[PDB]
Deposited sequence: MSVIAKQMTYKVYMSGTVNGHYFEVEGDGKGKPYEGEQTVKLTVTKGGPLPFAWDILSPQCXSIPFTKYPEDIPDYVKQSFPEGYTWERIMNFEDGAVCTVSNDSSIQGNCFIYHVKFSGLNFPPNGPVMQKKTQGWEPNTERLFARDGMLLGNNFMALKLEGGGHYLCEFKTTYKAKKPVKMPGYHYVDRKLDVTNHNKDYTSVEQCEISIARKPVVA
């Protein structure tokens, strides 16, 4: 296969949050068939970021999803041609982000180019005041439509002091060639910041992603 049991990846992300421009570069690695992966990011421009790092962590790698053999793996099949993805994040306090990615492969390394646009975060909310403490483990609902893989996820950020800050994700994955489409299924993830420097200009993330059928069916 063009996707080896061990792979690396590079992340090039740029964008704005409430008008604040930034750039990030990442170097990641993982086991695509085990759904295990890690990434080390550096804020290369606009740092230190005046907003919660957590809104950016889910934008830094779908080939690293363990798919059981009886569920077609849309993203792994798209290679070597690759795929793109388009995400809408609707936060419960009215903030909205639109994120686009282009994913390609160069030997044993995936290349992700990401554009992030976030705005309408309340200036005294938990994202601009950096009161978030990571995403809860989550489940993306996935199904096939018009040759694209459509995902939806009721996400939630944990807050300093308790409580949750809700965010709805809508992600559409678009393979650059036709592939075998999967049935209606889910992907469970855990995403954690495992290390960071004082001002989050260097961050390390670990993510485990596993596809499955419904538990009760």
List in ascending order the stretches of the deposited sequence, numbered from 1, that lack C-alpha coordinates. 1, 62
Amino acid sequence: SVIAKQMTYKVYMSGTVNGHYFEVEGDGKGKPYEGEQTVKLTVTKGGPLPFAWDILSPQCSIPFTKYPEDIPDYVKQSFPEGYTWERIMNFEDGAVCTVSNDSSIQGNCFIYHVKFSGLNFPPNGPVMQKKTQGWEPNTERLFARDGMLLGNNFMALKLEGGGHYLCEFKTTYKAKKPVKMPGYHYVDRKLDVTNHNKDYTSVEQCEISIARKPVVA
From here on, numbers count along this sequence of modelled residues.
In the PDB record, does 26 to 34 or 159 to 167 carry the higher mean Cα temperature factor? 26 to 34
According to the deposited model, is the average Cα temperature factor higher in 89 to 97 or in 72 to 80? 72 to 80
Which of these has the highest Cα B-factor in the record: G183, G151, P178, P58? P178
Among the choices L119, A144, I111, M128, identify the one whose CA B-factor in the record is greatest. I111
Third of the chain's Cα B-factor distribution that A52 belongs to, per the entry: middle
Split the chain's modelled residues into thirds by Cα B-factor; is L191 in the lowest, middle or highest one? middle
Would you mind ranking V11 by its C-alpha B-factor against the rest of the chain and naming the third, lowest, middle or highest? highest
Within this chain's modelled residues, let me know which third the CA B factor of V215 belongs to: lowest, middle or highest. middle
How does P137 rank on Cα B-factor within its chain, lowest, middle or highest third? lowest
